[PDB]
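Working notes, structure below.
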Amino acid sequence: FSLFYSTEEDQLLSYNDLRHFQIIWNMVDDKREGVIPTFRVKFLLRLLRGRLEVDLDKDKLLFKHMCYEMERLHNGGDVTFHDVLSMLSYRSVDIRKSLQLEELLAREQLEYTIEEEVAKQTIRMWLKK
Amino acid sequence: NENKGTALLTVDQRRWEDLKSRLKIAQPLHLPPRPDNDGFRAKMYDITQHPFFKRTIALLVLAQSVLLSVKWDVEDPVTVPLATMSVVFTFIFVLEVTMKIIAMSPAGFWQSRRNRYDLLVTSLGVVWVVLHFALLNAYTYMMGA
């Protein structure tokens, strides 16, 4: 019952969010391949609505971080419909209060490295010109 | 709880693990896109996806289930109205299933397990209907029940 029963929570991914994410994916994905390139992922992120709404001026940096995370997760390889889902689940909760010790450390290191890479690439782009 | 390694964890950790396990089995929805300029099928697709239509189907199924309030017997002088009402409900369900199939997809409809179960139920219903039209026995009433 704990495993399966779901209710609208505050700091957790809910069933309504799951259904809305599936709807967005379906309106994004064409033939249910489950693998999409970076452009499809970023357009899906732009099209996310509801509780997972990402205002541009509010979380532009977060959106860029998520897009680069999707890029780096497979060295530019296409996601498997769960990498996006796993990323959304991770970014929609409190990592410190939820994950286990080793998993929390690994996730924090990975997110910090991704943020540093994004900042370095942004600086390189802004300084090359 | 201790043997499965969750007693030492916090409640939030357990919730996160349960969410991860749940998302592991989540799968994309099975709705093909609605075609444009094909009003005959696009309108049907809109009809089948209307929440009021789903509530109507649920209410009809509930009424058909209620139709089994009394025991079905051949000696029963009032089983004929129940059989007729069940036949009408089965006809409605079969026509609705056919409408959903033609609107959604001849094969994509099969993607949903719920739709497969509904198709099986409607097939059993039409088989029972024709058997009632032919056999008309207590075994037929039991099959319909």
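Numbering starts fresh at 1 for the residues of each chain in the structure tokens, the chains themselves are lettered A, B, ... in the order given, and ligands are numbered from 1 as they appear.
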Set out as a Markdown table a contact list for chain A and chain B with a cut-off of 9 Å, giving each residue of chain A that qualifies its closest atom pair and distance in Å to one decimal, counting only C-alpha atoms, ordered by chain and rising residue number.
| residue | atom | partner | partner_atom | distance |
| --- | --- | --- | --- | --- |
| A:2 | CA | B:18 | CA | 7.2 |
| A:3 | CA | B:18 | CA | 5.1 |
| A:4 | CA | B:22 | CA | 6.8 |
| A:6 | CA | B:19 | CA | 9.0 |
| A:12 | CA | B:16 | CA | 7.9 |
| A:13 | CA | B:19 | CA | 7.5 |
| A:14 | CA | B:19 | CA | 8.8 |
| A:18 | CA | B:26 | CA | 8.3 |
| A:19 | CA | B:29 | CA | 8.4 |
| A:21 | CA | B:28 | CA | 8.9 |
| A:22 | CA | B:28 | CA | 5.5 |
| A:23 | CA | B:29 | CA | 7.1 |
| A:25 | CA | B:28 | CA | 7.5 |
| A:26 | CA | B:29 | CA | 6.8 |
| A:27 | CA | B:33 | CA | 8.1 |
| A:30 | CA | B:33 | CA | 8.5 |
| A:31 | CA | B:32 | CA | 8.5 |
| A:32 | CA | B:28 | CA | 7.9 |
| A:34 | CA | B:28 | CA | 8.5 |
| A:81 | CA | B:28 | CA | 8.3 |
| A:82 | CA | B:24 | CA | 7.8 |
| A:85 | CA | B:23 | CA | 7.8 |
| A:86 | CA | B:23 | CA | 8.0 |
| A:89 | CA | B:20 | CA | 8.3 |
| A:93 | CA | B:16 | CA | 8.8 |
| A:97 | CA | B:12 | CA | 6.8 |
| A:98 | CA | B:13 | CA | 4.7 |
| A:99 | CA | B:13 | CA | 5.9 |
| A:100 | CA | B:13 | CA | 6.7 |
Can you pull out every residue within 12 Å of residue B:121, counting only C-alpha atoms, but drop anything in the same chain fewer than 5 positions away, and send it as JSON, numbers by chain?
-> {"B": [61, 90, 91, 93, 94, 97, 114, 115, 116, 126, 127, 128, 143, 144]}
Kindly export the residues of the current selection with N, CA and C atoms, as a PDB file, in the first residue's frame.
ATOM      1  N   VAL B  61     -22.158   0.836 -16.529  1.00  0.00           N
ATOM      2  CA  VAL B  61     -21.638  -0.419 -15.994  1.00  0.00           C
ATOM      3  C   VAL B  61     -22.183  -0.663 -14.593  1.00  0.00           C
ATOM      4  N   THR B  90     -25.503  -4.578 -22.985  1.00  0.00           N
ATOM      5  CA  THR B  90     -24.424  -5.204 -23.739  1.00  0.00           C
ATOM      6  C   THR B  90     -24.318  -4.611 -25.136  1.00  0.00           C
ATOM      7  N   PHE B  91     -25.458  -4.363 -25.782  1.00  0.00           N
ATOM      8  CA  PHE B  91     -25.435  -3.727 -27.094  1.00  0.00           C
ATOM      9  C   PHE B  91     -24.797  -2.346 -27.013  1.00  0.00           C
ATOM     10  N   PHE B  93     -22.612  -1.298 -24.778  1.00  0.00           N
ATOM     11  CA  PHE B  93     -21.183  -1.446 -24.523  1.00  0.00           C
ATOM     12  C   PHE B  93     -20.435  -1.850 -25.786  1.00  0.00           C
ATOM     13  N   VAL B  94     -21.008  -2.759 -26.573  1.00  0.00           N
ATOM     14  CA  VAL B  94     -20.341  -3.197 -27.794  1.00  0.00           C
ATOM     15  C   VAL B  94     -20.257  -2.058 -28.800  1.00  0.00           C
ATOM     16  N   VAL B  97     -17.566   0.276 -27.675  1.00  0.00           N
ATOM     17  CA  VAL B  97     -16.238  -0.275 -27.925  1.00  0.00           C
ATOM     18  C   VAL B  97     -15.871  -0.129 -29.395  1.00  0.00           C
ATOM     19  N   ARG B 114      -6.680  -2.282 -20.382  1.00  0.00           N
ATOM     20  CA  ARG B 114      -8.082  -2.055 -20.052  1.00  0.00           C
ATOM     21  C   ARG B 114      -8.963  -2.226 -21.281  1.00  0.00           C
ATOM     22  N   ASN B 115      -8.511  -1.715 -22.427  1.00  0.00           N
ATOM     23  CA  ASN B 115      -9.274  -1.870 -23.660  1.00  0.00           C
ATOM     24  C   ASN B 115      -9.344  -3.329 -24.094  1.00  0.00           C
ATOM     25  N   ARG B 116      -8.258  -4.083 -23.909  1.00  0.00           N
ATOM     26  CA  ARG B 116      -8.296  -5.507 -24.230  1.00  0.00           C
ATOM     27  C   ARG B 116      -9.311  -6.235 -23.359  1.00  0.00           C
ATOM     28  N   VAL B 126     -21.695 -10.555 -26.405  1.00  0.00           N
ATOM     29  CA  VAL B 126     -22.395 -10.883 -27.646  1.00  0.00           C
ATOM     30  C   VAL B 126     -22.584 -12.391 -27.769  1.00  0.00           C
ATOM     31  N   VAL B 127     -21.599 -13.173 -27.316  1.00  0.00           N
ATOM     32  CA  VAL B 127     -21.765 -14.624 -27.315  1.00  0.00           C
ATOM     33  C   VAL B 127     -22.940 -15.021 -26.433  1.00  0.00           C
ATOM     34  N   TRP B 128     -23.041 -14.418 -25.248  1.00  0.00           N
ATOM     35  CA  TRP B 128     -24.163 -14.720 -24.370  1.00  0.00           C
ATOM     36  C   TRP B 128     -25.481 -14.282 -24.990  1.00  0.00           C
ATOM     37  N   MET B 143     -24.393 -17.796 -17.460  1.00  0.00           N
ATOM     38  CA  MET B 143     -23.331 -17.212 -18.273  1.00  0.00           C
ATOM     39  C   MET B 143     -23.466 -15.697 -18.355  1.00  0.00           C
ATOM     40  N   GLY B 144     -24.692 -15.202 -18.530  1.00  0.00           N
ATOM     41  CA  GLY B 144     -24.896 -13.763 -18.559  1.00  0.00           C
ATOM     42  C   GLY B 144     -24.553 -13.103 -17.239  1.00  0.00           C
TER      43      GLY B 144
END
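Of note, atom CA of residue A:63 and atom CA of residue A:45 are spaced 7.6 Å apart.
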Using DSSP on the backbone coordinates, identify the residues of chain A assigned to alpha helix (DSSP H); present them as a count of residues only.
-> 83
So which one's closest to residue B:40, B:81, B:102, B:4, B:141? Using only C-alpha atoms, please.
->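 Ranked by minimum distance to residue B:40, first place goes to B:102.
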Mind giving me the straight-line distance from atom CA of residue B:123 to atom CA of residue B:62 in Å, one decimal?
-> 18.9 Å
For residue A:119, which of A:46, A:74, A:64, A:20 is the closest residue, counting only C-alpha atoms?
->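 Of A:46, A:74, A:64, A:20, the one nearest residue A:119 is A:64, counting only C-alpha atoms.
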Do you know which residues are at most 10 Å from residue B:47 counting only C-alpha atoms, after dropping those on the same chain fewer than 6 positions away, and could you put them as a PyMOL selection string?
-> chain B and resi 41+53-54+99-100+103
Nearest candidate to residue A:66 (options A:111, A:116, A:96, A:51; using only C-alpha atoms) |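 Ranked by minimum distance to residue A:66, first place goes to A:111.
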Enter the distance from atom CA of residue A:49 to atom CA of residue A:62, in Å, rounded to one decimal.
->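 Going from atom CA of residue A:49 over to atom CA of residue A:62 covers 15.4 Å.
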Non-local contacts of residue A:41 (10 Å; only C-alpha atoms; under 4 positions in same chain excluded) as a VMD selection string = chain A and resid 25 28 to 29 35 to 37 45 to 47 66 to 67 70 to 71 78 to 79 81 84
